[PDB]
Amino acid sequence: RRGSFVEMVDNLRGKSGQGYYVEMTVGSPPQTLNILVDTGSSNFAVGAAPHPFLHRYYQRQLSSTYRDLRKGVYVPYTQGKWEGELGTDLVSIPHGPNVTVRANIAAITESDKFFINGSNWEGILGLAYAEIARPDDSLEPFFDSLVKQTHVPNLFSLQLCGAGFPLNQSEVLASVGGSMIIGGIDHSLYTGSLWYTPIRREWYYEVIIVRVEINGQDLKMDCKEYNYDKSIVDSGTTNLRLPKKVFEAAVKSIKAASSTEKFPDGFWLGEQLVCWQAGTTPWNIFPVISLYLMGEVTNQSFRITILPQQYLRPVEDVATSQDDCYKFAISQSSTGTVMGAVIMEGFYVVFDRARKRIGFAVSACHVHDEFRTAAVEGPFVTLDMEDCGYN
Ligand SMILES: NC1=N[C@@]2(c3ccns3)CN(c3ncc(F)cn3)C[C@H]2CS1
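Residue numbers for the sequence shown follow the authors' numbering, so the first one is -5 and each next one is one higher.
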């Protein structure tokens, strides 16, 4: 298998906890900024005023190509908020397609818990659809603009590379965190076959989960529960997030599978780290997790299987040690299933907008051990899969 997109391979940096970012330029002359890649939102928004956690920001007064749209945008969400001023400017991705487009840009003037101390990113690239753009769906998202203005195919693909150990801020700076291939699929980034699930509706990247197993044991819930009230693929979320009742059932099953060791409640709640002596993490006591997704062919599904090497997120010890430490990166949701960064780290994920489908293949960079690997397998005969979708 040949890799046909060398210019874009290794263009991401970062990690699941703080997010993965790509270098972009905005304005004339070009202003370089690092931008978080978020498949869970649809606005392109950049720091545009001094902030304690920003080393640089977009300076509209220094761009000859800046256009003021004379309109504010206010974006509150669960864990934070940003607000700013809408405009347009010329935008490029240096390690991307060799094109420059005129895009909507939200210039962020005020924010709360948006910029992370030491993340290295200064803005967000929302790659989902117009339906969820703010202030409304008339604000064309970046990827829409790029496709409309250029010959770039209406597809992108993400390989998010977890290190399997903690990285400090300077280690992130020096390290490759993955690839965003704009307009194509690079065959070097995966092994085995790509399997595709339909995009149910074009707003978030919404999919349908039809079965869940823990170490091969069916969680045995009504499949609507898995998709209540939606299931999405979201690079801007760290964890695998599951609806409350699914979370409760899954955690019970994961506890039962790992019962040779007892972990505190704070671990299972995603709050508290666990630590083992260097090199002794007991991967084998933790179960694999399989999610079965609706296939493209009538009555067919396929499964993606992740390891504890995906769902245990490496963190630095709260005190200086050589221990290997992790947090549990599965958590409860009241807004549906979110297949976040820790699950995307297992897989090369193809966002095939042109054919309204999402592809999954085992990542060439996934963390594993000598005994088990992540997997994408099928087909399976699965009936009444449309009934799994929530209305
Ligand atoms: N995938 C994610 N993305 C976000 C962020 C990720 C990192 N910093 S904020 C952005 N975000 C958002 N953005 C626009 C909007 F209209 C609604 N919500 C939700 C927030 C957490 S979950």
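Don't be surprised by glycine CBs; every beta carbon is placed ideally from N, CA and C.
Would residue -4 be called buried (16 or more neighbouring beta carbons within 10 Å of its own) or exposed? Exposed: under 16 other Cβ atoms inside 10 Å.
Quick check on residue 68: does DSSP put it in helix, strand or coil? Residue state, collapsed to three classes: strand.
task: Go ahead and pull the three-state DSSP assignment for residue 178.
output: coil
message = Buried or exposed, going by whether 16 or more other CB atoms sit within 10 Å of the CB of residue 350?
response = exposed
For residue 354 and residue 370, believed in contact at Cβ under 8 Å, the rounded distance: Under the criterion of beta carbons closer than 8 Å, residue 370 and residue 354 qualify as touching, at roughly 5 Å.
My assumption, with CB atoms under 8 Å, is that residue 150 sits in contact with residue 176. Please give the rounded CB distance. 5 Å
How long is the line joining the alpha carbons of residue 8 and residue 18, rounded to whole angstroms?
15 Å
- Is residue 367 near ligand 1, with its Cβ less than 8 Å from a heavy atom? no
Straight-line gap, residue 348 to residue 148 (C-alpha atoms, nearest Å): Taking the straight line joining both Cα atoms gives about 5 Å.
**Entirely enclosed beta strand (DSSP E) segments - the region 266 to 326, minimum 3 residues** = 268 to 270, 283 to 288, 294 to 300, 306 to 309 and 318 to 322
Run through DSSP, which three-state label would residue 110 get? Reduced to three states, the DSSP call for residue 110 is coil.
DSSP on residue 379, reduced to helix/strand/coil?
Of the three classes helix, strand and coil, the one that applies to residue 379 here is helix, per DSSP.
| So does residue 37 have its beta carbon nearer than 8 Å to some heavy atom of ligand 1? | True, at least one ligand heavy atom lies under 8 Å from that Cβ.
Please state if the CB of residue 220 and the CB of residue 382 are separated by a distance shorter than 9 Å. yes
Margin query: Count Cβ pairs between the region 253 to 270 and the region 312 to 329 that sit closer than 8 Å; are there 3 or more?
Written below: yes
(request) With DSSP as the reference, label residue 216 as helix, strand or coil. (result) coil
Buried versus exposed, by CB contacts within 10 Å (16 or more), residue 210:
exposed
Taking a contact to mean a Cβ-Cβ separation below 9 Å, would you say residue 268 touches residue 244 in this structure?
In this structure, residue 244 does not lie closer than 9 Å to residue 268 by Cβ.
Report all residues from its chain with a CB closer than 6 Å to the CB of residue -1; omit the five preceding and five following residues, and keep chain order. Only residues of its own chain outside the window of five on either side were considered, and among them 175, 178 and 180 have a CB closer than 6 Å to the CB of residue -1, listed in chain order.
Would you mind reading off the limits of the beta strand (DSSP E) that contains residue 357?
351 to 357
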